[PDB]
């Protein structure tokens, strides 16, 4: 909702991803989500799974590589945060399989 | 899956949670003052205004998975823009100038 900073927006019940965070892409901003995670938003249980891998505020600020870039329109501040899920993590397989599905997953749906 | 959910409680330095501050690498945010003071630094609080929420990081990011022998490396690249005419622009710019790759410096300048 529109009275929040874009970066602070959250996807409320019954909204599509695309929606709060724009259409799903490939190899750009907003590339996470297939056609079914887009439609179900927080309904999709793969979402709940995935948020376990999203940095907190603190982690995002202090655990990322942070790169400022000034441009005529202002300051673009990029946080690059990489979560490592160890190959022996009980949820490794699931996490890999979600990412599979949804990273650049526009135009596709799961179940195979 | 949990390092990434860490937060810095009161009395902790950044580097007692997120490792020593670096330059051009992971953990590059925070000068010696900010590292020392952790969440007590007034600049942190402002800077957290620019950090994506959970949902915005997942879905507003460019997300890139890489499998390596060690496991899955999930990278989120999220860019926040502060407009040149934002009342907070000059402030954000200065904090970034102090804190980005700021290890080994302190404010007052």
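Each position is counted from 1, following the chain as shown.
Any Cβ shown, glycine's included, is placed from N, Cα and C.
What Swiss-Prot records for this protein:
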- A:5-112: region 'Dimerization' (REGION)
- A:17-38: region 'Disordered' (REGION)
- A:26-38: compositional bias 'Basic and acidic residues' (COMPBIAS)
- A:99-A:102: disulfide bond (DISULFID)
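Within 10 Å of its Cβ, the residue among the disulfide-bonded residues A:99, A:102 with the fewest other Cβ atoms is A:99.
Assigned with DSSP, the residues of the region 'Dimerization' (A:5-112) fall into helix, strand and coil as follows: 38 helix, 22 strand, 48 coil.
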